[PDB]
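*Asks:* This is the structure I want to talk about, given as structure tokens.
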Amino acid sequence: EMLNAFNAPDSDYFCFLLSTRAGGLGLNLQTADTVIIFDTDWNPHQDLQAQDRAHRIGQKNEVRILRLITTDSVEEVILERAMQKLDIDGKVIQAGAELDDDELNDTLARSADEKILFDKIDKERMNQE
Amino acid sequence: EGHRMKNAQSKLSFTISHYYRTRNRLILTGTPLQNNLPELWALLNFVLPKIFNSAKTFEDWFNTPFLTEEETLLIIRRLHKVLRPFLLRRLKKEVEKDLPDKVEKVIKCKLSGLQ
Amino acid sequence: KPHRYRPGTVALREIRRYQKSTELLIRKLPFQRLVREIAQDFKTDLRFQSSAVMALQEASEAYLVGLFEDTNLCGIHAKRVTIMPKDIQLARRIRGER
Amino acid sequence: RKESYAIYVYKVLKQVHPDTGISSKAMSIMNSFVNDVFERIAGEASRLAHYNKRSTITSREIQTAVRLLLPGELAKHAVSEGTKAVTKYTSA
Amino acid sequence: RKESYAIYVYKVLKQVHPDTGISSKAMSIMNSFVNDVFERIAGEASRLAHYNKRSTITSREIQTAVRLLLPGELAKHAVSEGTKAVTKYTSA
Amino acid sequence: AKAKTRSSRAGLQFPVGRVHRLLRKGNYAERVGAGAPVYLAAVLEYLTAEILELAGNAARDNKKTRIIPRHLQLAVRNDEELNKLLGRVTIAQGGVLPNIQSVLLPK
Amino acid sequence: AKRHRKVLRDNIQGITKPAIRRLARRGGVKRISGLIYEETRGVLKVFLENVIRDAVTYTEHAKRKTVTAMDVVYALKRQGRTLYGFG
DNA sequence: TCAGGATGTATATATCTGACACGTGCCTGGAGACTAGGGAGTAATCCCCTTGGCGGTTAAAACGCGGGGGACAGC
DNA sequence: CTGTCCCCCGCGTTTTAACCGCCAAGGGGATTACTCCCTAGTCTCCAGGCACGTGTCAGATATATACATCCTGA
Ligand SMILES: [Mg+2]
């Protein structure tokens with residue numbers, strides 16, 4: 001039901017929550033758009049799978065992704081171990097400040113227009129008292 | 001999603017060998033297995049119950065991740081050569097070159113007072 | 001109306017059934033959690049062999065079953081067939097457990 | 001190595017009910033049974049000798065320990081058996 | 001001659017209730033009390049050594065034996081007292 | 001060559017030396033640690049003292065100045081932990097605690 | 001619930017009403033009053049506290065962190081409830 | 001519910017003894033000094049087993065609910 | 001022995017957590033090597049403790065006397 005609903009061009013919702021272990025594989029979605037990672041990955045391949053769910057043959061829009069890592073923490077540690085694990089992929093392939101809103105908006109920008117939209121939002125964040 | 005096969009020790013793998021008469025098998029995966037190397041072997045063994053001599057034979061047989069060009073390129077070249085007729089792999093770049101961008105970016109954030 | 005057995009018929013069937021069989025009667029994972037919690041009150045960060053837990057459960061069920069046997073007997077003594085807390089407490093008091 | 005009495009229990013079984021086998025679970029039970037009895041007898045013999053201010057456990061102490069451990073006729077037969085075994089042993 | 005703890009029990013009594021005396025029957029009871037406790041602790045310490053495949057009974061084994069013998073507060077205080085005694089003993 | 005007993009070294013009222021010998025003579029183990037009999041003697045003293053204290057209290061309650069078996073019984077049976085410790089012990093001439101069930105008593 | 005699971009009950013509640021009933025059936029109990037279930041849990045809890053306390057004491061003595069089957073056996077043996085089959 | 005009385009319990013006073021507290025001489029068992037050697041402590045490896053969580057099914061637990069049988073109060 | 005009422009049991013329906021399989025890290029339970037120091041063994045000395053007498057007073061026992069306690073007519 002959900003998968004068909006994701007495919008529905010007039011989807012009421014714009015986002016959905018997925019299990020890394022389950023949803024990471026279970027999705028054919030060329031109407032996918034942006035991906036946000038929270039779980040982190042002890043085995044980088046699962047992220048590669050989850051990440052690339054968003055762009056399969058037929059994918060029309062530019063995909064953007066995010067990985068939310070906390071500053072000075074165990075997540076950085078795990079992340080770096082995952083980065084080390086990626087080396088084997090290279091072996092196969094060859095065989096054959098951080099919260100600056102403007103900056104964040106730049107990394108998330110497709111056009112300066114979105115920055116402008118957020119500007120209005122932050123002005124609203126200010127407007128709320 | 002043969003990636004799941006991973007460790008031949010699993011019950012899944014075990015019971016598959018007990019499916020007996022299956023005269024022709026095929027594995028689909030989006031990626032090679034864990035960086036240790038035995039996993040790759042296990043799948044290759046699973047697929048073709050011939051490729052073996054030790055579960056961890058690759059640690060010596062293709063001792064590249066475990067000299068420069070010599071231990072790298074030549075060994076992984078032969079890794080390729082022996083796996084050339086067993087692994088089929090192409091990249092989306094090679095196939096299409098139509099992915100809109102590199103579609104990549106990570107971010108970092110501070111903890112709240114509570115956190 | 002649908003068939004209904006006279007209350008107690010089923011009870012006797014269960015008694016025969018459970019006395020005849022030998023398997024454990026308490027769900028293992030619930031049992032483990034109980035054990036682990038209790039263990040935390042003497043020392044934290046303990047591990048258990050899975051067989052250690054099994055040893056605890058074999059003993060635990062043996063204990064409770066024996067208790068129920070004696071409890072049942074007490075109820076009978078008082079001309080009842082329904083066991084009550086009073087019978088459990090008595091049985092333990094007579095045994096010298098309290 | 002982890003010695004046990006499994007082989008001895010096994011042999012005994014085959015001298016009583018030659019066709020009957022035994023599960024490994026039952027075997028471990030029998031193993032712990034033997035250890036239990038051994039300890040009980042030895043334990044009694046130990047303090048028994050101690051009670052008489054003696055330093056050596058002999059067959060006399062083991063015998064008495066059996067009489068002080070096993071119930072009724074069971075004890076009588078165990079004593080009879082032990083006596084016989086020792087008799088033969090010392091002869092040979 | 002036959003030793004006992006009569007004089008030690010007596011001294012302890014004098015250290016608790018200086019004025020209070022003690023009958024010979026009460027004393028014989030206390031004597032057998034001490035022997036009982038001694039044996040229970042020593043017995044547990046003994047098997048602790050066996051359980052760990054060791055052969056020396058030290059204050060660690062005895063301490064544990066106390067924890068495995070005395071209930072609640074008796075254990076807490078007995079252990080505390082044992083600790084202090086050994087501490088002072090080896091300190092001086 | 002000034003002598004000083006181990007009991008006095010530990011500051012205990014029990015014969016540490018005797019205890020040490022007993023541990024060896026009772027064959028509890030192959031070896032007996034130097035701190036063993038010390039630790040043990042302290043425990044023996046501790047328990048002895050606590051009972052005697054309670055026994056003396058019982059004697060005082062009965063206006064006696066000498067501890068008798070009855071007092072020992074009262075002491076042990078009243079204290080919860082001592083009762084548990086000596087739960088399987090019959091004390092000669094101790095008797096039983098005063099105790100009549102309310103079901104037997106008049107209304 | 002959906003918004004918040006709120007499913008934390010208790011580990012003692014892991015011993016269910018029917019689990020207790022089954023034990024009683026093996027015991028030979030024909031009929032069980034409603035207060036038994038709570039009383040039984042209380043009794044079991046105590047039983048386990050005593051055995052576990054002994055078992056972990058042996059574990060501490062041996063300077064280990066994993067409680068073994070033999071430690072449990074020793075605990076039970078200590079209390080006069082010798083258990084066969086676990087070495 | 002209350003006073004009288006019979007019994008029983010408790011309480012002060014001798015008094016009397018034998019059991020406990022205490023002094024003394026002996027002697028063997030405990031302390032001191034010294035030596036050997038092996039048991040226990042301690043470090044370094046390794047790898048098997050434990051733990052935490054998730055996925056997915058399904059027997060079982062929970063829950064309501066009528067109604068008859070036992071618990072129980074009375075006599 | 002009798003009445004009565006209440007509450008536990010049988011049973012259908014629905015929900016849910018146990019069971020099993022999987023995955024990943026990793027950390028304590030084992031091994032071995034080495035060393036050192038703690039205790040068994042032994043010999044010598046000496047006073048702490050034990051058996052034995054000996055005094056004396058704490059509690060047992062009479063002995064007379066004052067109050068609590070239980071049963072009953074009122
Ligand atoms: Mg696929």
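Chain labels run A, B, ... following the order of the structure tokens; each chain numbers its residues from 1, and ligands are numbered from 1 in the order shown.
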Using only C-alpha atoms (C1' of nucleotides) and all ligand atoms, what are the residues with an atom within 7 Å of ligand 1, set out as a list in words?
*Replies:*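 Residues satisfying the distance criterion: residues 1, 28 and 29 of chain B.
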*Asks:* Hey, what's within 10 Å of range 68-74 of chain H if we count only C-alpha atoms (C1' of nucleotides) and toss same-chain stuff fewer than 3 positions away? As JSON, numbers by chain, please?
*Replies:* {"C": [6, 7, 8, 80, 81, 82], "I": [2, 3, 4, 5, 6, 7, 8, 9]}
*Asks:* For residue 60 in chain I, find every residue with an atom within 10 Å (counting only C-alpha atoms (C1' of nucleotides)), except residues of its own chain fewer than 2 positions away, and show them as number ranges by chain.
*Replies:* H: 16-17; I: 58, 62
*Asks:* Could you jot down the CA of residue 37 in chain A to CA of residue 65 in chain A separation for me, Å, one decimal place?
*Replies:*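 About the pair CA of residue 37 in chain A and CA of residue 65 in chain A: they are 7.8 Å apart.
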*Asks:* Go ahead and align chain D to chain E (same sequence, so just pair every C-alpha in order, least squares) and export the moved chain as a CSV table (one decimal) with N, CA, C and O atoms, in the first residue's frame.
*Replies:*
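Output file part12.csv is given in full below:
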```csv
chain,number,residue,atom,x,y,z
D,1,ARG,N,45.0,-33.1,78.7
D,1,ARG,CA,44.5,-31.7,78.6
D,1,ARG,C,43.3,-31.7,77.6
D,1,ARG,O,43.3,-32.5,76.6
D,2,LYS,N,42.3,-30.9,77.8
D,2,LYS,CA,41.2,-30.8,76.9
D,2,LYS,C,40.9,-29.3,76.7
D,2,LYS,O,40.0,-28.7,77.3
D,3,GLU,N,41.6,-28.8,75.7
D,3,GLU,CA,41.4,-27.4,75.4
D,3,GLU,C,40.0,-27.0,74.9
D,3,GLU,O,39.3,-27.8,74.3
D,4,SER,N,39.7,-25.7,75.2
D,4,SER,CA,38.4,-25.2,74.8
D,4,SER,C,38.5,-23.7,74.7
D,4,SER,O,39.6,-23.2,74.8
D,5,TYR,N,37.4,-23.1,74.4
D,5,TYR,CA,37.4,-21.6,74.3
D,5,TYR,C,36.9,-20.9,75.5
D,5,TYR,O,36.6,-19.7,75.5
D,6,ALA,N,36.7,-21.7,76.6
D,6,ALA,CA,36.1,-21.1,77.8
D,6,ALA,C,36.7,-19.8,78.2
D,6,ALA,O,36.0,-18.8,78.5
D,7,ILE,N,38.0,-19.8,78.3
D,7,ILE,CA,38.7,-18.6,78.7
D,7,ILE,C,38.5,-17.4,77.7
D,7,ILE,O,38.6,-16.3,78.2
D,8,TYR,N,38.3,-17.7,76.5
D,8,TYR,CA,38.3,-16.6,75.5
D,8,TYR,C,36.9,-16.0,75.5
D,8,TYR,O,36.7,-14.8,75.5
D,9,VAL,N,35.9,-16.9,75.7
D,9,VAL,CA,34.5,-16.5,75.7
D,9,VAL,C,34.4,-15.7,77.0
D,9,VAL,O,33.7,-14.6,76.9
D,10,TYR,N,35.0,-16.1,78.0
D,10,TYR,CA,34.9,-15.4,79.3
D,10,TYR,C,35.5,-14.0,79.2
D,10,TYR,O,34.8,-13.1,79.6
D,11,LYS,N,36.6,-13.9,78.6
D,11,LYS,CA,37.2,-12.6,78.4
D,11,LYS,C,36.3,-11.7,77.6
D,11,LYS,O,36.1,-10.5,77.9
D,12,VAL,N,35.7,-12.2,76.5
D,12,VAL,CA,34.8,-11.4,75.7
D,12,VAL,C,33.7,-10.9,76.5
D,12,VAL,O,33.3,-9.8,76.4
D,13,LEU,N,33.1,-11.8,77.3
D,13,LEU,CA,32.0,-11.4,78.2
D,13,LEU,C,32.3,-10.2,79.0
D,13,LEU,O,31.6,-9.3,79.1
D,14,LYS,N,33.5,-10.3,79.6
D,14,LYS,CA,33.9,-9.2,80.5
D,14,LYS,C,34.2,-7.9,79.7
D,14,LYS,O,34.4,-6.8,80.3
D,15,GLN,N,34.3,-7.9,78.4
D,15,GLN,CA,34.5,-6.7,77.6
D,15,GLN,C,33.2,-6.2,77.1
D,15,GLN,O,33.1,-5.1,76.5
D,16,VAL,N,32.1,-6.9,77.4
D,16,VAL,CA,30.8,-6.4,76.9
D,16,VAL,C,29.9,-6.1,78.0
D,16,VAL,O,29.3,-5.0,78.1
D,17,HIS,N,29.8,-6.9,79.0
D,17,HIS,CA,29.0,-6.7,80.2
D,17,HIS,C,29.9,-7.0,81.4
D,17,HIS,O,29.5,-8.0,82.2
D,18,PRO,N,31.0,-6.3,81.6
D,18,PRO,CA,32.0,-6.5,82.7
D,18,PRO,C,31.5,-7.1,84.0
D,18,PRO,O,32.3,-7.7,84.7
D,19,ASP,N,30.3,-6.8,84.4
D,19,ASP,CA,29.8,-7.3,85.7
D,19,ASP,C,29.1,-8.7,85.6
D,19,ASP,O,29.1,-9.4,86.6
D,20,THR,N,28.5,-9.0,84.5
D,20,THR,CA,27.8,-10.2,84.2
D,20,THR,C,28.7,-11.4,84.2
D,20,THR,O,29.8,-11.3,83.7
D,21,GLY,N,28.3,-12.5,84.8
D,21,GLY,CA,29.0,-13.7,84.9
D,21,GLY,C,28.4,-14.7,84.0
D,21,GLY,O,27.5,-14.4,83.2
D,22,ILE,N,28.8,-16.0,84.1
D,22,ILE,CA,28.2,-17.0,83.2
D,22,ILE,C,28.3,-18.3,83.8
D,22,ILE,O,29.4,-18.7,84.3
D,23,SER,N,27.2,-19.0,83.7
D,23,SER,CA,27.2,-20.4,84.3
D,23,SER,C,28.0,-21.3,83.5
D,23,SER,O,28.2,-21.1,82.3
D,24,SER,N,28.5,-22.4,84.1
D,24,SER,CA,29.3,-23.3,83.4
D,24,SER,C,28.5,-24.1,82.3
D,24,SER,O,29.1,-24.5,81.3
D,25,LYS,N,27.2,-24.2,82.5
D,25,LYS,CA,26.4,-24.8,81.5
D,25,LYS,C,26.4,-23.9,80.3
D,25,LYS,O,26.6,-24.4,79.2
D,26,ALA,N,26.1,-22.7,80.5
D,26,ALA,CA,26.1,-21.7,79.4
D,26,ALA,C,27.4,-21.6,78.8
D,26,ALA,O,27.5,-21.5,77.5
D,27,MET,N,28.5,-21.8,79.5
D,27,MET,CA,29.8,-21.7,78.9
D,27,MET,C,30.0,-22.9,78.0
D,27,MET,O,30.6,-22.7,76.9
D,28,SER,N,29.6,-24.1,78.4
D,28,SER,CA,29.7,-25.2,77.5
D,28,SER,C,29.0,-25.0,76.2
D,28,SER,O,29.4,-25.5,75.1
D,29,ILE,N,27.8,-24.3,76.3
D,29,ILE,CA,27.0,-24.0,75.1
D,29,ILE,C,27.8,-23.1,74.2
D,29,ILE,O,27.9,-23.4,73.0
D,30,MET,N,28.4,-22.1,74.8
D,30,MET,CA,29.2,-21.1,74.0
D,30,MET,C,30.4,-21.8,73.4
D,30,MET,O,30.7,-21.5,72.3
D,31,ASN,N,30.9,-22.8,74.1
D,31,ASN,CA,32.1,-23.5,73.6
D,31,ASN,C,31.7,-24.2,72.3
D,31,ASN,O,32.4,-24.1,71.3
D,32,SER,N,30.6,-25.0,72.4
D,32,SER,CA,30.1,-25.7,71.3
D,32,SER,C,29.7,-24.8,70.1
D,32,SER,O,29.8,-25.1,69.0
D,33,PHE,N,29.2,-23.6,70.5
D,33,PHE,CA,28.8,-22.6,69.5
D,33,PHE,C,30.0,-22.2,68.7
D,33,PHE,O,30.0,-22.2,67.4
D,34,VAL,N,31.1,-21.9,69.3
D,34,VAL,CA,32.3,-21.5,68.6
D,34,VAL,C,32.8,-22.6,67.7
D,34,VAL,O,33.1,-22.3,66.6
D,35,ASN,N,32.8,-23.8,68.2
D,35,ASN,CA,33.2,-24.9,67.4
D,35,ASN,C,32.4,-25.1,66.2
D,35,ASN,O,32.9,-25.3,65.1
D,36,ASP,N,31.1,-24.9,66.3
D,36,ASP,CA,30.2,-25.0,65.2
D,36,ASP,C,30.5,-24.0,64.2
D,36,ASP,O,30.6,-24.4,63.0
D,37,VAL,N,30.6,-22.8,64.5
D,37,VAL,CA,30.9,-21.7,63.6
D,37,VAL,C,32.2,-21.9,62.9
D,37,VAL,O,32.3,-21.8,61.7
D,38,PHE,N,33.2,-22.3,63.7
D,38,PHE,CA,34.5,-22.5,63.1
D,38,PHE,C,34.4,-23.5,62.0
D,38,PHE,O,34.9,-23.3,60.9
D,39,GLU,N,33.8,-24.6,62.3
D,39,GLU,CA,33.7,-25.7,61.3
D,39,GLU,C,32.9,-25.2,60.1
D,39,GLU,O,33.3,-25.5,59.0
D,40,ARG,N,31.8,-24.5,60.3
D,40,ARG,CA,31.1,-24.1,59.1
D,40,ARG,C,31.9,-23.2,58.2
D,40,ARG,O,31.9,-23.4,57.0
D,41,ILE,N,32.6,-22.2,58.8
D,41,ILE,CA,33.4,-21.3,57.9
D,41,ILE,C,34.5,-22.0,57.3
D,41,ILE,O,34.7,-21.9,56.1
D,42,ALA,N,35.2,-22.8,58.1
D,42,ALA,CA,36.4,-23.5,57.5
D,42,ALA,C,35.9,-24.5,56.5
D,42,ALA,O,36.6,-24.6,55.5
D,43,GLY,N,34.8,-25.2,56.7
D,43,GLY,CA,34.3,-26.1,55.7
D,43,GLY,C,34.0,-25.5,54.4
D,43,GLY,O,34.3,-26.0,53.4
D,44,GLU,N,33.3,-24.3,54.5
D,44,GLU,CA,33.0,-23.6,53.2
D,44,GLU,C,34.2,-23.1,52.6
D,44,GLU,O,34.4,-23.3,51.3
D,45,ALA,N,35.2,-22.6,53.3
D,45,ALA,CA,36.4,-22.1,52.7
D,45,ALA,C,37.2,-23.2,52.1
D,45,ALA,O,37.8,-23.0,51.1
D,46,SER,N,37.1,-24.4,52.7
D,46,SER,CA,37.8,-25.5,52.2
D,46,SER,C,37.3,-25.9,50.8
D,46,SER,O,38.1,-25.9,49.8
D,47,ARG,N,36.0,-26.1,50.6
D,47,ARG,CA,35.5,-26.5,49.3
D,47,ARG,C,35.5,-25.3,48.4
D,47,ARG,O,35.5,-25.5,47.2
D,48,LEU,N,35.5,-24.1,48.9
D,48,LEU,CA,35.5,-22.9,48.1
D,48,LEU,C,36.9,-22.9,47.4
D,48,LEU,O,36.9,-22.7,46.1
D,49,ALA,N,38.0,-23.1,48.1
D,49,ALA,CA,39.3,-23.1,47.5
D,49,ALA,C,39.3,-24.2,46.5
D,49,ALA,O,39.8,-24.1,45.4
D,50,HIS,N,38.8,-25.4,46.9
D,50,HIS,CA,38.7,-26.5,46.0
D,50,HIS,C,38.0,-26.2,44.7
D,50,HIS,O,38.4,-26.6,43.7
D,51,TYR,N,36.9,-25.4,44.8
D,51,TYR,CA,36.2,-25.1,43.6
D,51,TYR,C,37.0,-24.3,42.6
D,51,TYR,O,36.9,-24.5,41.4
D,52,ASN,N,37.9,-23.5,43.1
D,52,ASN,CA,38.8,-22.8,42.2
D,52,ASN,C,40.1,-23.5,41.9
D,52,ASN,O,41.1,-22.9,41.4
D,53,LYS,N,40.2,-24.8,42.2
D,53,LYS,CA,41.4,-25.6,42.1
D,53,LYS,C,42.6,-25.0,42.7
D,53,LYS,O,43.7,-25.0,42.2
D,54,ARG,N,42.4,-24.4,43.9
D,54,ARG,CA,43.4,-23.8,44.7
D,54,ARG,C,43.7,-24.7,45.9
D,54,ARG,O,42.8,-25.3,46.4
D,55,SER,N,45.0,-24.6,46.4
D,55,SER,CA,45.4,-25.5,47.5
D,55,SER,C,45.5,-24.7,48.8
D,55,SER,O,45.7,-25.3,49.8
D,56,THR,N,45.5,-23.4,48.7
D,56,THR,CA,45.7,-22.5,49.9
D,56,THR,C,44.4,-21.7,50.3
D,56,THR,O,43.9,-21.0,49.5
D,57,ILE,N,44.1,-21.8,51.6
D,57,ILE,CA,43.0,-21.0,52.1
D,57,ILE,C,43.6,-19.7,52.6
D,57,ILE,O,44.4,-19.8,53.5
D,58,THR,N,43.1,-18.6,52.1
D,58,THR,CA,43.6,-17.3,52.6
D,58,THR,C,42.5,-16.6,53.1
D,58,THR,O,41.4,-17.1,53.2
D,59,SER,N,42.8,-15.3,53.5
D,59,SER,CA,41.8,-14.5,54.1
D,59,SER,C,40.7,-14.2,53.1
D,59,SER,O,39.6,-13.9,53.4
D,60,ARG,N,41.0,-14.3,51.8
D,60,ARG,CA,40.0,-14.1,50.8
D,60,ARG,C,38.9,-15.2,50.9
D,60,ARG,O,37.7,-14.9,50.8
D,61,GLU,N,39.3,-16.4,51.0
D,61,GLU,CA,38.4,-17.5,51.1
D,61,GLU,C,37.6,-17.4,52.4
D,61,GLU,O,36.4,-17.7,52.4
D,62,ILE,N,38.3,-17.1,53.5
D,62,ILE,CA,37.6,-17.0,54.7
D,62,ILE,C,36.5,-15.9,54.6
D,62,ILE,O,35.4,-16.1,55.1
D,63,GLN,N,36.9,-14.8,54.0
D,63,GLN,CA,35.9,-13.7,53.8
D,63,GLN,C,34.7,-14.1,53.0
D,63,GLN,O,33.6,-13.9,53.5
D,64,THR,N,34.9,-14.8,51.9
D,64,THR,CA,33.8,-15.2,51.1
D,64,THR,C,33.0,-16.2,51.8
D,64,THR,O,31.8,-16.2,51.8
D,65,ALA,N,33.7,-17.1,52.6
D,65,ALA,CA,33.0,-18.1,53.4
D,65,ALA,C,32.0,-17.4,54.3
D,65,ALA,O,30.9,-17.9,54.5
D,66,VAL,N,32.5,-16.3,54.9
D,66,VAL,CA,31.6,-15.6,55.8
D,66,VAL,C,30.4,-15.0,55.1
D,66,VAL,O,29.3,-15.1,55.6
D,67,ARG,N,30.7,-14.5,53.9
D,67,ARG,CA,29.6,-13.9,53.2
D,67,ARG,C,28.6,-15.0,52.8
D,67,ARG,O,27.4,-14.8,52.7
D,68,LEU,N,29.1,-16.2,52.6
D,68,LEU,CA,28.3,-17.4,52.2
D,68,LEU,C,27.7,-18.1,53.5
D,68,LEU,O,27.1,-19.2,53.3
D,69,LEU,N,28.0,-17.6,54.7
D,69,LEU,CA,27.5,-18.3,55.8
D,69,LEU,C,26.6,-17.4,56.7
D,69,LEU,O,25.5,-17.9,57.0
D,70,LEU,N,27.1,-16.3,57.0
D,70,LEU,CA,26.3,-15.4,57.9
D,70,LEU,C,25.2,-14.7,57.1
D,70,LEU,O,25.5,-14.4,55.9
D,71,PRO,N,24.1,-14.4,57.6
D,71,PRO,CA,23.0,-13.7,57.0
D,71,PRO,C,23.1,-12.2,57.2
D,71,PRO,O,23.7,-11.7,58.2
D,72,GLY,N,22.5,-11.4,56.3
D,72,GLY,CA,22.4,-10.0,56.3
D,72,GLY,C,23.5,-9.1,56.9
D,72,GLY,O,24.7,-9.3,56.4
D,73,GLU,N,23.2,-8.2,57.7
D,73,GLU,CA,24.0,-7.3,58.3
D,73,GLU,C,25.1,-7.9,59.2
D,73,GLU,O,26.2,-7.4,59.3
D,74,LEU,N,24.7,-9.0,59.8
D,74,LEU,CA,25.6,-9.8,60.6
D,74,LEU,C,26.8,-10.1,59.9
D,74,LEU,O,28.0,-9.9,60.3
D,75,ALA,N,26.7,-10.6,58.6
D,75,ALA,CA,27.8,-10.8,57.7
D,75,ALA,C,28.5,-9.6,57.4
D,75,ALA,O,29.8,-9.6,57.5
D,76,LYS,N,27.8,-8.5,57.2
D,76,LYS,CA,28.5,-7.3,56.9
D,76,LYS,C,29.4,-6.8,58.0
D,76,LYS,O,30.6,-6.4,57.7
D,77,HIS,N,29.0,-7.0,59.2
D,77,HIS,CA,29.8,-6.6,60.3
D,77,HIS,C,30.9,-7.5,60.5
D,77,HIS,O,32.0,-7.1,60.9
D,78,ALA,N,30.7,-8.8,60.4
D,78,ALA,CA,31.8,-9.8,60.5
D,78,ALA,C,32.9,-9.5,59.5
D,78,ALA,O,34.0,-9.6,59.9
D,79,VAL,N,32.5,-9.2,58.3
D,79,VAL,CA,33.5,-8.9,57.3
D,79,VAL,C,34.3,-7.7,57.6
D,79,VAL,O,35.5,-7.7,57.5
D,80,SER,N,33.6,-6.7,58.1
D,80,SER,CA,34.2,-5.4,58.5
D,80,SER,C,35.2,-5.7,59.6
D,80,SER,O,36.3,-5.2,59.5
D,81,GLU,N,34.8,-6.5,60.6
D,81,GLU,CA,35.6,-6.7,61.7
D,81,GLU,C,36.9,-7.5,61.3
D,81,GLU,O,38.0,-7.2,61.7
D,82,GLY,N,36.7,-8.5,60.5
D,82,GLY,CA,37.8,-9.4,60.1
D,82,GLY,C,38.8,-8.6,59.3
D,82,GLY,O,40.0,-8.7,59.5
D,83,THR,N,38.3,-7.7,58.4
D,83,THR,CA,39.1,-6.9,57.6
D,83,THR,C,40.0,-6.0,58.4
D,83,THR,O,41.2,-5.9,58.2
D,84,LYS,N,39.4,-5.4,59.4
D,84,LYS,CA,40.1,-4.5,60.3
D,84,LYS,C,41.2,-5.2,61.0
D,84,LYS,O,42.3,-4.7,61.2
D,85,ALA,N,40.8,-6.4,61.6
D,85,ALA,CA,41.8,-7.2,62.4
D,85,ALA,C,43.0,-7.5,61.6
D,85,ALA,O,44.1,-7.4,62.0
D,86,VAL,N,42.8,-8.0,60.3
D,86,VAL,CA,43.9,-8.4,59.5
D,86,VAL,C,44.7,-7.2,59.2
D,86,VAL,O,45.9,-7.3,59.2
D,87,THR,N,44.1,-6.1,58.9
D,87,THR,CA,44.8,-4.9,58.6
D,87,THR,C,45.8,-4.5,59.7
D,87,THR,O,47.0,-4.3,59.4
D,88,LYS,N,45.3,-4.5,60.9
D,88,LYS,CA,46.1,-4.2,62.0
D,88,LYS,C,47.2,-5.2,62.2
D,88,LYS,O,48.4,-4.9,62.4
D,89,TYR,N,46.9,-6.5,62.1
D,89,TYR,CA,47.8,-7.6,62.2
D,89,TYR,C,49.0,-7.5,61.2
D,89,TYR,O,50.1,-7.6,61.6
D,90,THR,N,48.7,-7.2,60.0
D,90,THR,CA,49.8,-7.1,59.0
D,90,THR,C,50.6,-5.9,59.2
D,90,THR,O,51.8,-5.9,58.9
D,91,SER,N,50.0,-4.8,59.8
D,91,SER,CA,50.7,-3.6,60.1
D,91,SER,C,51.7,-4.0,61.2
D,91,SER,O,52.9,-3.6,61.2
D,92,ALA,N,51.2,-4.7,62.2
D,92,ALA,CA,52.0,-5.2,63.3
D,92,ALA,C,52.6,-6.6,63.1
D,92,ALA,O,52.9,-7.3,64.1
```
*Asks:* Using backbone DSSP assignments, extract all helix (DSSP H, G or I) residues from chain A; output them as a PyMOL selection string.
*Replies:* chain A and resi 2-7+20-23+45-54+74-85+87-95+101-107+112-127
*Asks:* CA of residue 88 in chain C and CA of residue 71 in chain C are how many Å apart?
*Replies:*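 Between CA of residue 88 in chain C and CA of residue 71 in chain C the gap is 5.1 Å.
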*Asks:* Quick check: residues of chain I within 12 Å of chain G, only C-alpha atoms (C1' of nucleotides), returned as a VMD selection string.
*Replies:* chain I and resid 7 to 9 16 to 18 27 to 30
*Asks:* Find the spatial neighbours of residue 103 in chain A, counting only C-alpha atoms (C1' of nucleotides), within a cut-off of 12 Å - ignore same-chain residues fewer than 4 positions away - and output them as a ChimeraX atom specification.
*Replies:* /A:97-99,107-109,112,115,118 /B:107-108
